[PDB]
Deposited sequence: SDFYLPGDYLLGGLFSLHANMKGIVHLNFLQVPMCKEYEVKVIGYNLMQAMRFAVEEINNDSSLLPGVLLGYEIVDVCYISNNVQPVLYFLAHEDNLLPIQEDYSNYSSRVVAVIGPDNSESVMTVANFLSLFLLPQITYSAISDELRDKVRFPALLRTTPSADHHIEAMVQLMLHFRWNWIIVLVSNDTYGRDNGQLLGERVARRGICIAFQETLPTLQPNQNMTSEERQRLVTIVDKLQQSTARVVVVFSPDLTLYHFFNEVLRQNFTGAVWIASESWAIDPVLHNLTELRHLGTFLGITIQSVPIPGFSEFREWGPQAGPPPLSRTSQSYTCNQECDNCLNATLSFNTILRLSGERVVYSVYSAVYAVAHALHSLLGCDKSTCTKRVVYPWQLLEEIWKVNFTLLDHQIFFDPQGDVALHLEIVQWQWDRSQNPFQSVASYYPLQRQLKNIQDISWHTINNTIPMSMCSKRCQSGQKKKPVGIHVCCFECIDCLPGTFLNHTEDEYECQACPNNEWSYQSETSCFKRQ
């Protein structure tokens, strides 16, 4: 099957080919959780084929690893379910026994590196093992900031910007279009609340008011809902429709949204700007509910596009098989083909980073490498130092373990035969700025920028007085005759005319009296 290739050195892979939002985490009848039964996830299979393509190139290329067969072995981690055991499998000797030695400096696992899971909790659950062995791990899509503490996680690297930069991109997008008044929706798991609180700590200082925050229920798409969950969803949608804030930011796993949006459609809702976090800003499955085009404008922050030449043509000891993947992906293959690679590039660049690290560690020369016994902890030390161009892009690691790839904002477009997720703007983290915003097409009557603000700007001579806690909300009151609005010094209080002067009803200054 696809899941194994022999070689002189093996990479480990952990991809979420199957997924369920409440999978079983423990041994089931004292047997490892069998991944096959949690439906299927085509995106994960795409990323797995990205890794396979990277390794095929690295073996085919006579220059990067001359005379060394780079192998791999893959295990699918069904979201948070079936962690642990893949790690024990990678770490154990060829007889599947892991000895508990006092010191591992001389130890030799199955694999020299792990292309780590796609999710923060899974990444931590694997890292707390691999840190023991200092066996290098590179994760392609886990954005949590906690993963930047090298003391806690010394073996962990990333090929994606941290959550800080996604939140900064969101807030700078809001500032550009002057959206002072927003709604935030979060899932009930750690991703949602962590990102929601992180956005909370950001939105306040820049001067944007979070109208309210709401926890989405963790529903399951292939499971019919109860009436109680339907009541909760109806309540959420009615909270949306009742509000003046028409900008909605969504922090949730992708699977929990299928029901949500369905209900949003059944409630005859329309007219809002939806801002998607990286978890679902790209989603072939959710994009296919084409009636979404009537809800409003769909924007999302995601990894930048980097077209991989020839990848789409290439795409044409338990938990190592998938029956559903091929027939499932053949239904999406067309809509996938038009979408340039974004996260696939994260996987591809991670594999190439390990490839260069190993190429250096073996003391290799373009004639041949000097094969040896690579203890993983040496390969980690070499991985920290790599620096090279892959496709016109320099990839190298921060002192804190991240690659400084750009972020990109994408609008969803429903005209087929062209890119489903079209670029609208580009964000640079090492400059921490959003730039090059292009022509977004809005749902509005004549394509005017949609707006959401708690208040209209007051007239001249009219001071503000706050309402509620939200600083964005205020009432406008005129400075009465004899007083005036010195807006150059204060917007919230008036000043009084000198003795020889007096002021009209609604003016910033005083006229000289009789």
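If you line the structure up with the deposited chain, just one stretch is without a C-alpha atom: 317-333.
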